[PDB]
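Going down the list, the protein sequences come from chains A and B. The numbering of the first sequence is my numbering, which starts it at 2 and goes up by one. The numbering of the second sequence is my numbering, which starts it at 3 and goes up by one. Don't be surprised by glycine CBs; every beta carbon is placed ideally from N, CA and C. Below is one structure, written out as structure tokens; the observations come after it.
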Amino acid sequence: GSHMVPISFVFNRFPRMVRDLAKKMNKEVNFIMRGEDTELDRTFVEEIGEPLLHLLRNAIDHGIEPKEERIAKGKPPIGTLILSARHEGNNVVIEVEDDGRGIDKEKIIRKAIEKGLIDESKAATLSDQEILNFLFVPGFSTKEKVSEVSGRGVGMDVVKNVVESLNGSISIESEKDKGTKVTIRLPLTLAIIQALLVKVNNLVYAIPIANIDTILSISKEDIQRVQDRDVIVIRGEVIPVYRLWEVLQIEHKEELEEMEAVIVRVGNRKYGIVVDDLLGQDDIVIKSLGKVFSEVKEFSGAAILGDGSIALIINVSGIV
Amino acid sequence: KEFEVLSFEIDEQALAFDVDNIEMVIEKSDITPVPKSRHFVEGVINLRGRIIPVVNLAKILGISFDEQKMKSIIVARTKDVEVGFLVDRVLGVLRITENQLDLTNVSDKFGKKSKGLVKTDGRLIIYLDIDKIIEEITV
Ligand SMILES: Nc1ncnc2c1ncn2[C@@H]1O[C@H](COP(=O)(O)OP(=O)(O)NP(=O)(O)O)[C@@H](O)[C@H]1O
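Right under this line is the structure:
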């Protein structure tokens, strides 16, 4: 739902960062951006960012060739950097293209062998592309780690990792003395779910609207404790309810006077989550939270609210 | 035969990981907590739009622990996993080597969690095994 946003959002920091990375290398580059309005999911803008800059850099760093060496090969003095974006089916496509020293697949293969990763006869059944995919394989660029250790960034294996984490994918297309062109394709429609953002002590949690039966605004009294359980009654029907802080044992003031009770349904049974305040409805993208958390049932993933703060996503059936 | 390593502290207790995997070291800011979660993980942060788990090294090991001191997270990435270790502060990369590397790996209490204990200029630099300790957390 209008989750998308023009790619301008990510592309405008560049025309300038490009202009500067040129000076810090004396290369003369005619940078071109085209499709600076191709809309891609609100999310991508924050992640897709560093990878593109990286690519952008390489071109200017390694790709584009210095004036001299450039006239020598009979190539106009002024190099060409192209940042483009477009839609091509069920995907968004972002490409960084240049006409520099190319990628010379021949030696990338050699390197690929000396690092005992590929057999020699086997390395013939390769297409120029996969040959280049090596360029991604971890530490396939020796370096040393340093620049990366904590400095000015280094590595594609990541750029791949990233676009792959976005359920996307990328390829390299290059020929020596004819520049290179990397191609990232990200999906055009995500696993968007609608949820009510709910608060509990400046901690934000999200409840799939797809389960919410109805929301009510109760008082710290309407919750009556039976033997063990805590329930509330609504026009008759007794509906069992759980106090979210307690369900997650969360250091909590105590409780205001006024609150909210989200009533959700799972299969044949229904109950309610009690919270401090409502925050609003929204469309969030469910992103899983590592293996360090697989075990946690209460949450079925997390999400990155616009402002950048995380909001754990409640698993109706996962709660007690 | 030459080592390079990222070294940090924990209430004056020095340690170190291999820069091989160290992704970066961000200054701890806000760490949204994940309720009813394995207490050795302090939670998750938002790094460049992706969700990263910040485990507490001091606690995972069982050593000098104090929170208002730990201001550095060491993000690291293995084959499929990514984690952030919270430590007091990072001194930085260090060049260690065979001669300096000592091995009484039966000396330190935490078993395989830490490779041998090496020293330099008379220090207690424990050489922890990331790829291993992380694997201790994932599984
Ligand atoms: N557009 C390009 N033009 C020329 N060479 C490229 C290009 N893209 C990638 N390469 C080559 O591929 C190898 C590495 O790419 P990658 O790991 O992304 O970067 P890096 O070179 O290791 N790091 P940095 O040296 O900081 O840019 C480079 O060392 C180049 O030789």
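Inter-residue Cα distance where the pair is residue i and residue j
i: residue 273 of chain A; j: residue 184 of chain A; result: 48 Å
i: residue 31 of chain B; j: residue 259 of chain A; result: 32 Å
i: residue 108 of chain B; j: residue 27 of chain B; result: 30 Å
i: residue 113 of chain A; j: residue 207 of chain A; result: 47 Å
i: residue 73 of chain A; j: residue 142 of chain A; result: 28 Å
i: residue 40 of chain A; j: residue 5 of chain A; result: 6 Å
i: residue 153 of chain A; j: residue 234 of chain A; result: 60 Å
i: residue 170 of chain A; j: residue 236 of chain A; result: 54 Å
i: residue 251 of chain A; j: residue 128 of chain B; result: 35 Å
i: residue 81 of chain A; j: residue 75 of chain B; result: 40 Å
i: residue 88 of chain A; j: residue 191 of chain A; result: 15 Å
i: residue 124 of chain A; j: residue 13 of chain B; result: 52 Å
i: residue 84 of chain A; j: residue 35 of chain A; result: 6 Å
i: residue 43 of chain A; j: residue 285 of chain A; result: 10 Å
i: residue 134 of chain A; j: residue 172 of chain A; result: 7 Å
i: residue 295 of chain A; j: residue 177 of chain A; result: 46 Å
i: residue 71 of chain A; j: residue 8 of chain B; result: 41 Å
Distance cut-off 8 Å: residue i Cβ against heavy atoms of ligand 1
i: residue 322 of chain A; result: Lying before the first or after the last residue shown, residue 322 of chain A is absent from chain A, which here runs from 2 to 321.
i: residue 85 of chain A; result: no
i: residue 175 of chain A; result: yes
i: residue 22 of chain B; result: no
i: residue 38 of chain A; result: no
i: residue 129 of chain A; result: no
i: residue 71 of chain A; result: no
i: residue 181 of chain A; result: yes
i: residue 170 of chain A; result: no
i: residue 74 of chain B; result: no
i: residue 314 of chain A; result: no
i: residue 155 of chain A; result: yes
i: residue 53 of chain A; result: no
i: residue 136 of chain A; result: yes
i: residue 160 of chain A; result: yes
i: residue 21 of chain A; result: no
i: residue 144 of chain A; result: yes
i: residue 253 of chain A; result: no
i: residue 148 of chain A; result: yes
i: residue 111 of chain A; result: no
Any chain B beta carbon closer than 9 Å to residue i
i: residue 309 of chain A; result: yes
i: residue 293 of chain A; result: yes
i: residue 151 of chain A; result: yes
i: residue 116 of chain A; result: no
i: residue 146 of chain A; result: yes
i: residue 305 of chain A; result: yes
i: residue 163 of chain A; result: yes
i: residue 297 of chain A; result: yes
Beta carbon proximity, residue i to chain A, threshold 9 Å
i: residue 21 of chain B; result: yes
i: residue 48 of chain B; result: yes
i: residue 115 of chain B; result: no
i: residue 8 of chain B; result: yes
i: residue 91 of chain B; result: no
i: residue 72 of chain B; result: no
i: residue 25 of chain B; result: yes
i: residue 84 of chain B; result: yes
i: residue 40 of chain B; result: yes
i: residue 124 of chain B; result: no
i: residue 54 of chain B; result: yes
i: residue 140 of chain B; result: yes
i: residue 32 of chain B; result: yes
i: residue 108 of chain B; result: no
i: residue 97 of chain B; result: no
Contact under 9 Å by Cβ, residue i with residue j
i: residue 11 of chain B; j: residue 17 of chain B; result: yes
i: residue 187 of chain A; j: residue 12 of chain A; result: no
i: residue 8 of chain A; j: residue 86 of chain A; result: yes
i: residue 96 of chain A; j: residue 129 of chain A; result: no
i: residue 242 of chain A; j: residue 232 of chain A; result: yes
i: residue 52 of chain A; j: residue 159 of chain A; result: yes
i: residue 264 of chain A; j: residue 229 of chain A; result: no
i: residue 101 of chain A; j: residue 65 of chain A; result: yes
i: residue 261 of chain A; j: residue 219 of chain A; result: yes
i: residue 32 of chain A; j: residue 37 of chain B; result: no
i: residue 204 of chain A; j: residue 35 of chain B; result: yes
i: residue 320 of chain A; j: residue 167 of chain A; result: no
i: residue 89 of chain B; j: residue 77 of chain B; result: no
Proximity test, residue i beta-carbon vs ligand 3 heavy atom, cut-off 8 Å
i: residue 43 of chain B; result: With respect to ligand 3, the structure shown offers nothing to examine, as its ligands consist of ligand 1.
Check your understanding: Can you list, in chain order, the stretches of the alpha helix (DSSP H) that have 4 or more residues and sit fully within the stretch 55-79 of chain B?
Key -> Complete alpha helix (DSSP H) runs here, min 4: 59-63.
Practice item. Report the residue ranges of all beta strand (DSSP E) runs contained in full by the stretch 179-237 of chain A; include only those spanning at least 3 residues, in chain order. Key: 181-188, 193-200, 205-209, 213-217, 231-234
Exercise for review: Please specify which runs of the beta strand (DSSP E), each continuous and at least 3 residues long, are wholly inside the stretch 286-312 of chain A, giving them in chain order.
Suggested key: 300-305
Exercise for review: Please list the segments of the alpha helix (DSSP H) lying wholly inside the stretch 109-172 of chain A, counting only runs of 4 or more residues, in order along the chain.
Suggested key: 129-134, 147-150, 157-166
Review point. Which runs of the beta strand (DSSP E) spanning at least 3 residues fall entirely within the stretch 11-61 of chain A, listed in chain order?
Key: 30-35, 40-42
Point to revise | Complete runs of the beta strand (DSSP E) confined to the stretch 112-139 of chain B [at least 3 residues] | key: 116-119, 128-130
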